[PDB]
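All remarks here apply to the structure that follows.
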Amino acid sequence: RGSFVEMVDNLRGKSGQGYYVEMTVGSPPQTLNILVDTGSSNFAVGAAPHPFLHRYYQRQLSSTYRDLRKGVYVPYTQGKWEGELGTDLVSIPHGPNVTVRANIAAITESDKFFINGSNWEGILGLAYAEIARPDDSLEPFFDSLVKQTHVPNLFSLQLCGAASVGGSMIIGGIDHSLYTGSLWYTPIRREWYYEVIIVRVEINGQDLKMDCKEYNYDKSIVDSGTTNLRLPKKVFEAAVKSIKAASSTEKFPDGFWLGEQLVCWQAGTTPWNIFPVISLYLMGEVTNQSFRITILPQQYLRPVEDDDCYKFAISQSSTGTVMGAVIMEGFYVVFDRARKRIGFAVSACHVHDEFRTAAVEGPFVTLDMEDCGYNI
Ligand SMILES: C[C@]1(c2cc(NC(=O)c3cnc(OCF)cn3)ccc2F)N=C(N)SC[C@@H]1c1ccccc1
Numbered sequence: 020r021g022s023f024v025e026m027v028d029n030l031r032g033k034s035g036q037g038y039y040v041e042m043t044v045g046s047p048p049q050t051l052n053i054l055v056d057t058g059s060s061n062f063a064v065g066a067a068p069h070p071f072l073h074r075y076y077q078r079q080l081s082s083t084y085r086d087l088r089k090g091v092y093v094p095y096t097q098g099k100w101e102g103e104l105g106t107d108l109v110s111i112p113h114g115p116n117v118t119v120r121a122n123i124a125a126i127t128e129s130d131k132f133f134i135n136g137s138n139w140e141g142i143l144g145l146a147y148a149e150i151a152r153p154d155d156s157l158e159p160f161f162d163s164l165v166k167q168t169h170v171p172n173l174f175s176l177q178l179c180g181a192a193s194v195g196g197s198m199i200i201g202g203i204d205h206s207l208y209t210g211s212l213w214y215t216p217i218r219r220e221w222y223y224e225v226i227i228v229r230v231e232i233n234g235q236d237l238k239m240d241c242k243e244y245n246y247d248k249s250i251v252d253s254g255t256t257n258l259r260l261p262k263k264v265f266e267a268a269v270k271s272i273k274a275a276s277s278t279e280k281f282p283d284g285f286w287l288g289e290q291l292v293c294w295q296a297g298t299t300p301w302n303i304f305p306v307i308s309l310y311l312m313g314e315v316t317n318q319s320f321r322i323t324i325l326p327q328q329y330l331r332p333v334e335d341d342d343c344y345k346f347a348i349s350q351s352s353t354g355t356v357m358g359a360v361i362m363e364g365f366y367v368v369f370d371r372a373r374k375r376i377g378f379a380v381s382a383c384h385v386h387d388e389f390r391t392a393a394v395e396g397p398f399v400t401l402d403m404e405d406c407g408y409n410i
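See the structure below:
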């Protein structure tokens, strides 16, 4: 506990393509790069020679492969994958010194799922069984890991932003070299997604003053498998209005705020100072107690290489708040499953300037925080 040198820097990727970890599957071990995804619950790997794929799982080569004789069909908002369920032996080379028998969905057909030019061949769904396909009886990888080994029921993520990105997934613990200051914990409201409650939103310390239920309509989640900070429609328009007001030193086309246009500045002359900070107050551990996380334009204006051009990476949502890479790149994030809570601390690797840094601050007095959660 406290130091996991072998797991530091075990994540790689490209901007906009996500963060992957090296895994092995089968006997003998077949090496695959696997997207780290806290917003889903399936371990699903390429099993057929799709042209975008560097590598794929070849079940015929594995002596420890067991066919579950069951299909799985996963349409989602932005694509589709389908596969054949099985089990096999799985290890993480730059993770704990263990081997686990895990459920594997062998992907046999997909659409808009694999990224052309990416270096990953599968997805590690790190959320809970309730959202696993086809149903909650398919035990997620991390559940299998904890059940079969002495690995503590905790993992933590340091996602380091920017073409190449990196970071750390500490499996079974916390590495104190990855953050500065203190960890502040928010309750996991329900174990399906990593669902949290946002109690207050500020743009440059100016409260949006919305009914806090709007912030979590219909949920708020922490998702390493999403790029943007996604906000419910009503919250998004309030936030953009305020961000526009604060940044009115320079005028931008309306399309930029909708992510339909890039904005460019002469190399290394990006006016970070004109753009406001964004604070999300999260439900704390104690009644009437909250803390806030604060991100910079360096997090929400993402570099696009095609002199210095940027995409606005805050976007409107109909699925509730999604705290994607935009949020997570500011913070060391502790998924403390054992204690049903998520910890946030200022990341040792977050992108900032000489004037401002990302911040995790508390405690604050916030009443009626339970009222902020949405119920069907
Ligand atoms: C499995 C799923 C998913 C995610 C991605 N992610 C990415 O490509 C990506 C790109 N850049 C990032 O940061 C910047 F570097 C982060 N991630 C790609 C394909 C996918 F199918 N995970 C989700 N959380 S959202 C939809 C989907 C999903 C979720 C739930 C149920 C089914 C499918």
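Residue numbers (the entry's author numbering): 20 to 181, 192 to 335, 341 to 410.
No residue lacks a Cβ here, since even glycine has one placed at the ideal position from N, Cα and C.
- First through last residue of the alpha helix (DSSP H) which encompasses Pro-94: Taking the first residue of the sequence shown as position 1, residue 94 is located at position 75. It is not in any alpha helix (DSSP H) - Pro-94 instead sits in the beta strand (DSSP E) that spans 85-95.
- Query: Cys-293: which of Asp-341, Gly-364, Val-380, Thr-255 sits nearest, CA to CA?
  - Reply: Here the question's residue 293 lines up with position 264 in the sequence shown. Among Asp-341, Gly-364, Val-380, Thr-255, the Cα nearest to that of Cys-293 is on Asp-341.
- Any heavy atom of ligand 1 within a distance shorter than 7 angstroms of the CB on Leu-54? Residue 54 sits at position 35 when you count from the first residue of the sequence shown. Within the cutoff, so yes.
- Are the region 52-64 and the region 244-255 touching by the rule of at least three beta carbon pairs closer than 8 angstroms? yes
- As assigned by DSSP and simplified to three states, the class of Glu-140: Position 121 of the sequence shown, counted from the first residue, corresponds to residue 140. In this structure, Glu-140 counts as coil in the three-state DSSP scheme.
- Closest by C-alpha distance to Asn-135, when choosing among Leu-72, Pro-94, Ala-124: Here residue 135 is taken as the residue at index 116 of the sequence shown, counted from 1. The candidate whose alpha carbon is nearest that of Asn-135 is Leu-72.
- Message: Suppose the cutoff is 6 angstroms on Cβ atoms and the five residues either side in sequence are ignored; what does the same chain contact list for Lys-263 look like?
- Response: Residue 263 sits at position 234 when you count from the first residue of the sequence shown. Within the same chain, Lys-263 has close Cβ partners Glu-243.
- Query: Under the rule that 16 or more other beta-carbon atoms within 10 Å means buried, what is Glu-128, buried or exposed?
  - Reply: Within the sequence shown, residue 128 is the residue found at index 109, counting from 1. Exposed, since its Cβ has fewer than 16 Cβ neighbours within 10 Å.
- C-alpha gap between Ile-348 and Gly-180, whole angstroms: Within the sequence shown, numbered from 1, the residue matching residue 348 stands at position 314. Within the sequence shown, numbered from 1, the residue matching residue 180 stands at position 161. Taking the straight line from one Cα to the other gives about 16 angstroms.
- Task: May I ask you to check if the CB of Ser-34 is nearer than 7 angstroms to at least one heavy atom of ligand 1?
- Result: Your numbering for residue 34 matches position 15 in the sequence shown. Distances from the CB of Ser-34 to the heavy atoms of ligand 1 include at least one below 7 angstroms.
- Which residues in the same chain have their Cβ closer than 6 angstroms to the Cβ of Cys-241, if we skip the five residues on either side of it in sequence? As a working note, residue 241 is residue 212 in the sequence shown. Same-chain partners within the cutoff: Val-228, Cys-406.
- Message: Taking 7 angstroms as the limit between beta carbons, can you name the residues of its chain near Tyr-92, skipping five residues before and five after?
- Response: On the sequence shown, residue 92 is found 73 positions in, with the first residue counted as 1. For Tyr-92, where only same-chain residues beyond five positions count, the Cβ hits under 7 angstroms are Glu-101.
- Just the C-alpha distance for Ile-142 and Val-64, rounded to the nearest angstrom, thanks. The residue given as residue 142 occupies position 123 in the sequence shown. The residue given as residue 64 occupies position 45 in the sequence shown. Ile-142 and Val-64: Cα-Cα distance of roughly 6 angstroms.
- Message: My output table needs one value for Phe-160: the three-state DSSP class, helix, strand or coil.
- Response: Sequence index remark: in the sequence shown, residue 160 carries index 141 (1-based). Of the three classes helix, strand and coil, the one that applies to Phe-160 here is helix, per DSSP.
- Message: What does the Cβ neighbour count give for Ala-121, buried or exposed, with the cut at 16 atoms within 10 Å?
- Response: As a position in the sequence shown, residue 121 is number 102, starting the count at 1. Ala-121 is buried by the Cβ-count criterion.
- Query: Whose C-beta lies closer than 6 angstroms to the C-beta of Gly-202 among residues of the same chain, with five residues either side of it excluded?
  - Reply: Taking the first residue of the sequence shown as position 1, residue 202 is located at position 173. These residues qualify, in order along the chain: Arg-20, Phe-23.
- Under 8 angstroms between the Cβ atoms of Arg-85 and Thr-106? The residue labelled residue 85 in the question sits at position 66 within the sequence shown. The residue labelled residue 106 in the question sits at position 87 within the sequence shown. Cβ distance < 8 angstroms, so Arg-85 and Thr-106 count as in contact.
- Alpha carbon of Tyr-75 to alpha carbon of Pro-112, nearest angstrom: The sequence position of residue 75 within the sequence shown is 56, counting from 1. The sequence position of residue 112 within the sequence shown is 93, counting from 1. As the crow flies, the alpha-carbon of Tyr-75 is around 17 angstroms from that of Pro-112.
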